[PDB]
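Form deposited in one PDB entry, single chain, as structure tokens, below.
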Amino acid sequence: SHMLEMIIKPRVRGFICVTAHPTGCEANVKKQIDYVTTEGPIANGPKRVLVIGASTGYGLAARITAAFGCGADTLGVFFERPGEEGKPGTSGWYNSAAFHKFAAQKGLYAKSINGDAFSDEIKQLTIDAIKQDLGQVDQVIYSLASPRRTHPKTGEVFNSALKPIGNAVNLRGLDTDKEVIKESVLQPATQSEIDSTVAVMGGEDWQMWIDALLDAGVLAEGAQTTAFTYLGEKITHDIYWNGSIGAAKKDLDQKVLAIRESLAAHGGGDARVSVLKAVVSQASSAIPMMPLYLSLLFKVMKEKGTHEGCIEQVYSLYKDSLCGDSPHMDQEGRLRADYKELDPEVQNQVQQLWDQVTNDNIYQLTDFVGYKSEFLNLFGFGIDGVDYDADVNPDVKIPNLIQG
């Protein structure tokens, strides 16, 4: 059986960790669950939840909160690679395998669909799943993060860009491989790259989802949907909020209105763009700015007692705003969970440290240690009480997994 099993260690290829540890991912999922159950149940939550992008990061945390905080039956959709012999699957695959296992232990429904959520096919499989099992869903979480989209009608492949708009920008960053503070310049996005980014990360596909569920009649009265967004501090504004990715996020703000209008006449349902804080994710070393900003932010927020990851954010988002008696609303009608990051004193401290960090003082000025630990945690590595010396079978299976 040693030929079918292997010792799995991190392998970092060009800022991407290309391995994932199944036992560690299970431990990470369990830790997120134990957080939710320790904090306690959430009153008045949805009971039948569809999460689009349910295998990692914020969508995973939404699934865990819905299931183990609100007691929801959950249907998840994601796009992940199964493990095979000699070849660890993606962290999201192992995460979902662990979710299904823990859901069943607690007697909660868990079914998942692995495939392209941008396609009509997957929307159909999802509809069919709800009809057979749930009747309808009360809540739809939209949490896809993707670099590309195949348009379901036209077949066109759109690619997102992470560029400023207008002028080129100098962005200070941390190269996590060489452990050097260094700057690079990004050229402004072309109108074409802006439209492509809005096609991928804007709100059309979210619309196509809520319309497809409606046209099939699988949405309960008083239903609710939310898509996640990031606004960030002024230091991220040039590249994020006012760049190509921010153009996409602003498209979401123009989608959420037609969404809310349709659900509000439908038993007083509701729809909101929800704004969340920056966290370490699979794509954090997309641009070396993110690791530097996270390392700084983690240190500052830890000194204030306010540091959080995905599960802490989404638990509050559900308890305070999605299901709570005091929604934390902004001037635009967005739900906000990100205010501890945007606190003026935090921004100021992060901004002051930003111009001071050098190769020599990274560990004295920042929580780069913490960034690295959370980044490895995502793939199931560096976790407490996991025996990393033991052989493991990378081919972990998932019951009630529809493969599309």
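Residues that one form lacks are left out of the comparison. Basically, rigid core = biggest C-alpha set you can superpose within 1.5 Å across the two forms. Just count from 1 along the sequence shown to find any residue number.
Mean CA temperature factor is higher for 246-254 when stretches 246-254 and 301-309 are set side by side in the entry. With 2-10 and 393-401 compared on mean CA B-factor from the PDB entry, the stretch scoring higher is 2-10. Per the deposited record, 329 carries the highest C-alpha B-factor of all listed residues (296, 329, 97, 140). Among 277, 81, 111, 106, the highest C-alpha B-factor in the deposited entry belongs to 106. When the CA B factors of the chain's modelled residues are split into thirds, the value for residue 70 lands in the middle one.
Annotation for residue 76: CA B-factor lies in the lowest third of the chain's modelled residues. In this PDB entry, residue 343 carries a Cα temperature factor that places it within the middle third of its chain's modelled residues. When the modelled residues of the chain are ordered by C-alpha B-factor, residue 366 sits in the lowest third. In the PDB entry, a CA B factor belonging to the highest third of its chain's modelled residues is recorded for residue 207.
The discussion below concerns the form deposited in another entry, not included here.
Here the rigid core is superposed between the shown form and the other one, and of 284, 236, 316, 90 the C-alpha of 284 is the only one to shift by 2 Å or more. In this overlay on the rigid core, residue 359 has a C-alpha that sits 2 Å or more away from its partner position between the shown form and the other one. Core-superposed comparison between the shown form and the other one: the Cα of residue 385 travels less than 2 Å. The distance between the CA atoms of residue 284 and residue 230 is at least 3 Å shorter in the other entry than in the form shown here. The protein segments that move between the shown form and the other one, counted as runs of at least three consecutive residues with every Cα displaced by 2 Å or more relative to the fitted core, are 13-15, 283-285, 358-361.
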